[PDB]
Structures are given as C-alpha cells and as structure tokens.
C-alpha cells in the first residue's frame, strides 16, 4: 500500500469537544487553481473500507461539473493525502497548495467519520473538503448580531493539532477572518456546500450555523466556470 505518513501526536488532539464538527482552515508552513483537465491522485490513509468507499463516492461528485477527476491510488506519493485522525477537525489545504505539503504529512483530514455516519454527513463533509481541494474558500454570511463565540473554548480548540494557534493566531486567523462576510460568488448562495459551519461547541447561546449537504446550482455553475470542458 502507501508508505505511512509521520505519526500525529494524539496528545496534541484537544479532548472534550465531542460532536464538534469543525472545518478548520489550514495553511502550509510559510493561484491555487489546478491545471484544467487535471487528474489528481488521491491516497487514503487509514479509515475503514466503508469510510474510504464513501470518501471516493462523494469526492467524485465534483467531476460531474468540473473538468477535474480524482484518481484514488495505493502507490507513490499521491497529490492529495487524506487521513482520518479522530478529533483533529476536518480540513484541506486549498487547491494546488496540496503540492506544497511535505510528502510525509497529510493534505486533508476527516475528523469524525465512522461506519455509522449518515449518508448526508458523508456527502456534506466530503464534498465540502474536496471543494477546498479544488480551490474553493468558505462562504460565510456574517450575521447581523455578530457571532457569539465562547472565546475560552475557541482558544482551547485551535491551540492543538494541526494549527497550534496561539491566542493572537486565533484572533487574527479566526475571529478577524469570520467577523465579516466572505464569498467567492457574485450573489450569495445560502445553499452552497462551501458555507462555513459554526459549531455550537464553540459558542455560548447554543448558536450554530450549518452547511447544506449537496452541491448547489451556484456551486455547479461556479466550478464549471473554473474548470470548463
């Protein structure tokens, strides 16, 4: 199979955020569009056969609309390298930033899948992370109220693997970024698979915001414009 990746220190994975389904922005230590028509190699590291089959299943949905294909392989150094490290959050580098990640590290992680995971949850989270793998950013419609973060909790969550974000890192990279609307679309698309989920595990009111679980009309149109036939 694939050569194993360097080990995650499971002590750096922060405990006590059970059922926190957070997409983490991640940045390489230091254009993201793939060449059009690319066939991108993907390797899966760990996970059960069931979980790995679901990832394949939903990732490849993007190719219905984009002129990009994912070739799931078990040899060499795949271009996208997917782990299943529990509790680390889910994430992907953006687009061709994957190609900047050392070969012994992952480029994508799914932090909460198991063999009881719903089809909708696989669809939502897999398509979403693969959206970032194609270069899409979060859609975030900033609410009029502002977000009621439990700042203590937010600091604790983002302090560990993979970000290792200090308090100032969190204030600049998280609160600042998500204090205003963020979009890649002309009109906002409440339906986008790329919407940024705000977990109630990180807020104070029980406030949460969720993700749509399938590709929107706008998602389908945008990605075909980026990667046309």
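Positions refer to the first chain, counted from 1.
Deposited sequence between residue 30 and residue 31: 4 to 9 residues lack coordinates. If you average the C-alpha B-factors over 127 to 135 and over 94 to 102, the higher value belongs to 94 to 102. Higher mean CA temperature factor between 170 to 178 and 60 to 68: 170 to 178, per the PDB entry. Per the PDB record, 165 has a higher Cα B-factor than any other of 165, 196, 45, 50. The top Cα temperature factor in the record, among 143, 89, 148, 78, falls on 148.
Per the PDB record, residue ranking by Cα B-factor puts residue 192 in the middle third of the chain.
In this PDB entry, the Cα temperature factor of residue 10 sits in the top third of its chain's modelled residues, the highest group. Sort the chain's modelled residues by C-alpha temperature factor and residue 158 lands in the middle third, per the entry. When the modelled residues of the chain are ordered by C-alpha B-factor, residue 36 sits in the middle third. Looking at the C-alpha B-factors along this chain, the one for residue 23 belongs to the lowest third.
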